[PDB]
Amino acid sequence: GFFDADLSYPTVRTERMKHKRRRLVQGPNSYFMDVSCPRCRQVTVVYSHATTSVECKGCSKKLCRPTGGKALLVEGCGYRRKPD
Amino acid sequence: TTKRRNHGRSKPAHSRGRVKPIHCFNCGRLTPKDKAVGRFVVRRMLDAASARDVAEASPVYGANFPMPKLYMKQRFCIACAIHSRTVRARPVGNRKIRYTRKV
Amino acid sequence: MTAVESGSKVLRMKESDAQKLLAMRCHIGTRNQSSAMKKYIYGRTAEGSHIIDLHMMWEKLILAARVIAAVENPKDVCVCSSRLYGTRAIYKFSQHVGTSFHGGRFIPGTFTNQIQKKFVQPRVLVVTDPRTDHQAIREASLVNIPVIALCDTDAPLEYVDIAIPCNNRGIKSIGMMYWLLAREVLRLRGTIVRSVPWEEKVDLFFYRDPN
Amino acid sequence: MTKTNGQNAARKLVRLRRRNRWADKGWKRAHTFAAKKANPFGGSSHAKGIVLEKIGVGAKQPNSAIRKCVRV
Amino acid sequence: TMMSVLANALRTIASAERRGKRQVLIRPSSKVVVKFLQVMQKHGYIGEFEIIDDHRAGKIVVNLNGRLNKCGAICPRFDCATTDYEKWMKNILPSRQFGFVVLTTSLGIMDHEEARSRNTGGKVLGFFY
Amino acid sequence: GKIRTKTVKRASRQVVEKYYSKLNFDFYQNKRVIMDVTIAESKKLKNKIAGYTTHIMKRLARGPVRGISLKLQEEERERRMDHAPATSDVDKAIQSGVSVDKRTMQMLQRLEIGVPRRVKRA
Amino acid sequence: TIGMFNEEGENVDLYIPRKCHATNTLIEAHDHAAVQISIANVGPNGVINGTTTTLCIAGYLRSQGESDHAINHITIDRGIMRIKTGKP
Amino acid sequence: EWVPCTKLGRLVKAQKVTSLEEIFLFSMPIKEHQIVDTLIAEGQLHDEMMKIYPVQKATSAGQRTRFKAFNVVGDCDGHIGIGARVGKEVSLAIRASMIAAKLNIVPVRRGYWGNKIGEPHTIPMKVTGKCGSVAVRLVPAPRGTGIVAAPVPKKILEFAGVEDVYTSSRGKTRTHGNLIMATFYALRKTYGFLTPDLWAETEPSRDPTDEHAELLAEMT
RNA sequence: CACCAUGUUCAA
RNA sequence: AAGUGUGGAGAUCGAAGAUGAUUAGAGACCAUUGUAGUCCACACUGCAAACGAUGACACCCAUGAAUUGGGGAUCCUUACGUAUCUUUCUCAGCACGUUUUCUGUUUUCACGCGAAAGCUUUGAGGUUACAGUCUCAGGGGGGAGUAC
Ligand SMILES: *O[C@H]1[C@H](O)[C@@H](N)[C@@H](O[C@H]2[C@H](O[C@@H]3O[C@H](CO)[C@@H](O[C@H]4O[C@@H](CN)[C@@H](O)[C@H](O)[C@H]4N)[C@H]3O)[C@@H](O)[C@H](N)C[C@@H]2N)O[C@@H]1CO
Ligand SMILES: [Mg+2]
Ligand SMILES: [Mg+2]
Ligand SMILES: [Mg+2]
Ligand SMILES: [Mg+2]
């Protein structure tokens, strides 16, 4: 307590909880990640909420599976989130 | 004068259109299932004086093996619940008390 | 209110003061939580109890003392407790500071019914609980009496102006908040000096079951 | 839930009022012709007539008399 | 659907000011609703406000200073001649001493007092007092 | 031989206030006091006052009676109660350690005074 | 210079009333929950001076429960009560 | 004589509180009707009975009957008060409403329609006040209008010091119990509206019971 | 859970 | 829902009707029956206390338990806390716990409102300080939802 809410400059605790369109400026929730294939090893860029099933262009295999929210990457694959 | 919000029955405004009625337990009156007051009774078959006569003359039943009972789920008409004194008229401030379990 | 006009650190909590608060468990809140006391909570512990921020406890404690020490004729402060654990502490705070005190059933009309012969007109009311002293607060709403309260984590803060956050439940925890407030109001007046410890024992503030 | 604004909504407001004036029993009696064609005076006052017979009309409850009146 | 954005903005200011708030968040905004607020700043009924840029319509955070009683919007924007200012003052304002009727004129968006002095007329937008 | 009227009960408490030392657990001696300390005309009430007085003398042997206002047993026990040990219950609480919780200790790092001495983490 | 004048510059109204320090709400004569709270200005040695800071709160603000949030917001602004701990 | 019980009446009897606007400033309840006729001069304070009507309670064996009396009080210089008490005899309830109307005394802000040239002729802004369904609306009028009101609000507005006013009334005004107390609630709101005269910051004062706390303890 | 229908006109 | 037409069906309950009984009378309730109906197919009707006695679409709106479906984590502060138990196949699974958040049905609870009962982010609030948009109905009780 003792700090009042400023509506122009809201707290990081208050603002991280909000819905993505209920933010002060709305924005994405998703991101891109650089997924390495489990065999074959070549990197692919996979969207976090990929409803399509992305294929490895080298491996020929499918290293993603759609869900209701975030898509699930296959077992044994490595991934690190890309910036921006 | 709306005597009670929810209007006597468990149906809110935008939830159900209708609920199909059940017959009353002794009257046979068709009342909706959410309106009609519903008690699940676990009544024993024999009184404890009468059960002691039967448990003594029983090879099966004793202090170890308990005697069965009746499990019947009665549902009453609102005329039928007041008259059998299952339910009673309560004071105006006292009507909102709701019991979620058998006391 | 530990901020003076010059900028000194004279009113601030010290490692001796906060060590007393931890020993008397007057920073543990109850399991429940209200909206108005939600800003005074630091976090929740395991077993689901609320921990009160000792900064905000001390800042609202000294703020209530800067209001009581700014009362000439200290009998215009009335300190009152309907709960039984307060009544011994209410007596000893009234003894060292010199305020009116009342305990037990509040007897409605004490603040409003002017032809009663138990009719008092305090200027500042100090209630031990906002909840069990609902009747003392609700008559203060009628005759212009601001209210100081020892609030727990779920306190109804309608008509409470300076809500002190503490543990007003336990016998030791209560009375430690009245020792420490009586210890402080005497310092702001200049009766006792801030260097030496106040020799008077806290034990007389504790309620003791005379049967 | 009552009426309409709109800068170009005057035809709606003119039609809306001309139908709701017919519900006024003073406006409807002043603008229909069953008012005078069924009035025994021809939409006028003080009409002459010929006395036919004398009637005693008994008063309504709670009063009790017979009111002396003629049929003309 | 939302029809009048200015009528939306003044209704959320007036509602949050009778609740005694310190700030409002106004969504959406326009060029009209910021030119209405700058009339309310010049006669000191509101404080500093801030327009946040989306690439959408913006949002405005207005700092309230307790002075505004009621701001509202007259819908539809009735045409008001120069002879008609004393008619609009008696209808929507509480007194002739204080209170302003904001008009959109050819010269700009002004209150009623400035527009009487510059001998102009306009369509009425709203009021604040 | 039923409930005593408030005329009997209010007067009987006043006999116990003003004349506690002259009264004991017997009826027939407490009656003789109340004839000298109460100026009423009825012998029926003075029998009932000496009955309820005798009753609230047996109640004062046990403990406190509400509304009795005896003011010397209350002045004595207020002096016997206001007695404290030389070592405070807070000074004996620090001298073993205060033993705060996880969340509390995680708060006490944040303060401008730090974590106080004679503390533990439990 | 507060209250209405005459065009002769004499203060015409009786009783310029108080205003709430939280909500700028003009305190009426029958608003019997409206309180003044005097906070003692204190010196460098921790003993009170002869001057007090007085803040007055309207009656509806106490009625809702929002007075205690308002006394905090005022005394941080006046500089009476500190907003946070110093760094350890 | 009159022995006071409240601290305000002790200070009024001691002439420590000298005027009535020193009570209105600190929102103090009066609680004693001898405060008002002490502070207001005796010849400059008028009162007369608005309405007296009987109210009945059905009991076993008949009706109970008590008379509810309305009184208005105030010098015609911005002070008004209305009280409504009841009683078995009509003489008691008239006397009790006099006691009641002084306790409810309250100030009236008055202002100007156009230019400001003397004492205020009118109320400073449009104001309504509602009791029951009867809400009266009081509108500022020009300098030489007069009170344009029904004769029950007109007698109240004369005692409040308002010289020129327009008045409306929205519903069931033949109920005078709520018509009287709606003119009172509307004139009471005249110091509730924050105008740009009163935007300025005023320096805080001390309560008469704060300042004279040493004197009031000497009565004990 | 047998049966248990009704009380002229104003007025006090 | 009753009702209608043409075919099926026809167990049970059952307007009409029939017998008992109660009753002063009983054309009623109660008991025994029993036709049309109940049920299906294809047509017709469009008459509900078709209700939340509350038109639709937006806006603002305080609080604390819950619940359903989806998703995500485990001088006004520059950030942070994770348990339980079932687990050879619609199994990288299922349920739970703490916390976020969107959508829905609600509940005891701050303003405010109302003649009141009561309503209250689910408005009947934001209204004589009366204008977000559109729409339907009402104008004392009847006659009469009648006559043409
Ligand atoms: O969409 C929700 C909204 O974002 C949020 N404001 C929330 O409000 C409450 C929240 O209330 C609900 O409590 C429910 C549990 O009893 C919980 O529902 C949820 O339950 C979880 C477990 N099944 C989830 O898995 C589930 O998806 C979810 N529906 C909350 O919704 C409280 O828990 C908070 N303490 C306070 C928040 N203000 O409610 C909105 C939907 O009701
Ligand atoms: Mg239905
Ligand atoms: Mg007959
Ligand atoms: Mg029978
Ligand atoms: Mg049959």
Side-chain angles (χ1 to χ4, degrees), chain A residues 2-3 5-6 9 11-13 16-22 29 49 65 67-70 72 74, chain B residues 1-3 5-7 12-17 83 96 98, chain C residues 32-36 43-46 154 158, chain D residues 1-6 9 12 20 23-25 61-64, chain E residues 1-16 18-20 24-25 27 69-70 72-76 78 91-94 99 126-127 129, chain F residues 102-103 106, chain G residues 60 63-66 73 76-79 83-84, chain H residues 125-128 130 132-133 135-137 139 168-172 175 178 193:
Chain A
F2 282 169
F3 289 99
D6 194 356
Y9 300 101
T11 295
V12 64
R13 184 182 182 275
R16 73 169 67 253
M17 298 193 298
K18 285 182 177 293
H19 187 77
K20 70 183 182 183
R21 296 176 77 96
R22 261 68 176 175
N29 278 323
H49 292 276
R65 194 177 72 188
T67 324
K70 291 189 179 178
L72 182 58
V74 289
Chain B
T1 300
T2 298
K3 185 178 183 174
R5 190 177 194 180
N6 80 4
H7 310 92
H14 300 100
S15 61
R16 259 71 64 194
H83 183 266
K96 279 188 175 289
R98 298 174 69 98
Chain C
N32 297 115
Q33 183 179 4
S34 66
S35 66
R44 188 176 66 245
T45 189
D154 51 352
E158 66 269 14
Chain D
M1 61 184 175
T2 294
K3 64 177 73 173
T4 182
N5 284 323
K12 180 68 179 177
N20 290 117
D24 187 74
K25 291 173 70 174
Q61 292 298 107
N63 297 115
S64 177
Chain E
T1 53
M2 188 171 298
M3 295 298 175
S4 181
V5 176
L6 179 57
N8 188 21
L10 299 176
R11 190 170 53 238
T12 61
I13 296 169
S15 297
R18 70 188 291 156
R19 297 184 293 117
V24 310
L25 178 64
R27 179 189 59 85
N69 297 115
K70 175 175 280 188
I74 293 97
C75 296
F78 295 105
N91 285 323
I92 60 175
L93 296 178
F127 60 93
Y129 52 85
Chain F
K102 169 64 182 294
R103 177 67 66 188
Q106 188 175 3
Chain G
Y60 68 98
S63 295
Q64 299 171 3
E66 300 293 324
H73 186 274
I76 273 105
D77 289 334
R78 305 292 180 89
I83 194 162
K84 67 178 182 178
Chain H
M125 75 288 293
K126 289 178 187 175
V127 58
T128 197
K130 184 166 185 172
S133 71
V136 308
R137 190 192 188 189
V139 178
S168 299
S169 297
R170 78 179 67 175
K172 186 68 83 168
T175 295
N178 297 328
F193 202 93

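Just so we're on the same page: letters track the sequence lines, and every chain starts at 1. Note: hydrogens, waters and symmetry copies are ignored here, and every other heavy atom, side chains too, is used.
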Two-distance pair test [N] [M], Watson-Crick or wobble, each under 3.5 Å:
N: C57(J); M: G132(J); result: yes
N: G143(J); M: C109(J); result: no
N: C113(J); M: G118(J); result: yes
N: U22(J); M: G138(J); result: no
N: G27(J); M: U105(J); result: no

Minimum-distance nucleotide to [X] side chain [options: [options]]:
X: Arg5(B); options: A79(J), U108(J), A131(J); result: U108(J)
X: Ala7(E); options: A115(J), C102(J), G132(J); result: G132(J)
X: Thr1(B); options: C60(J), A117(J), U100(J); result: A117(J)
X: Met1(D); options: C59(J), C130(J), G55(J); result: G55(J)
X: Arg19(E); options: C10(I), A58(J), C61(J); result: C61(J)

Original post:
Can you tell if the side chain of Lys70(E) reaches within under 4.5 Å of the side chain of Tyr129(E), non-hydrogen atoms only?
Top reply: yes
Original post:
Counting just side-chain N and O atoms, does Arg22(A) come under 4.0 Å of either OP1 or OP2 of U103(J)?
Top reply: yes
Original post:
Is the distance from OP1 or OP2 of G141(J) to the nearest side-chain N or O of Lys25(D) less than 4.0 Å?
Top reply: no
Hey, can you check [N] for me, is the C1'-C2'-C3'-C4' torsion putting it north or south?
N: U78(J); value: south
N: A144(J); value: south
N: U4(J); value: north
N: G126(J); value: north
N: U108(J); value: south

**OP:** Measure across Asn5(D) and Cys75(E) and return the closest heavy-atom pair with its distance rounded to 0.1 Å.
**Re:** ND2-O, 3.3 Å
**OP:** For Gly17(B) and for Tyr60(G), find the nucleotide of RNA chain J with the closest heavy atom, then tell me which residue's nucleotide is more 5'.
**Re:** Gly17(B)
**OP:** Take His19(A) and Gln64(G), find for each the nucleotide of RNA chain J with the closest heavy atom, and name the residue whose nucleotide sits nearer the 5' end.
**Re:** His19(A)
Original post:
Across all strands shown, which nucleotide pairs with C42(J) by Watson-Crick or G-U wobble geometry, both distances under 3.5 Å?
Top reply: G5(J)
**OP:** Report yes or no: is the ring centroid of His83(B) under 5.5 Å from the six-membered base ring centroid of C1(I), with the two planes under 30 degrees?
**Re:** yes
Original post:
Which whole-number value in Å describes the distance from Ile74(E) CD1 to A129(J) P?
Top reply: 15 Å
**OP:** In whole angstrom, give the distance that lies between atom CZ of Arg16(A) and atom P of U99(J).
**Re:** 17 Å
**OP:** Determine the Euclidean distance between corresponding P atoms of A116(J) and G126(J); express it in Å to zero decimal places.
**Re:** 14 Å
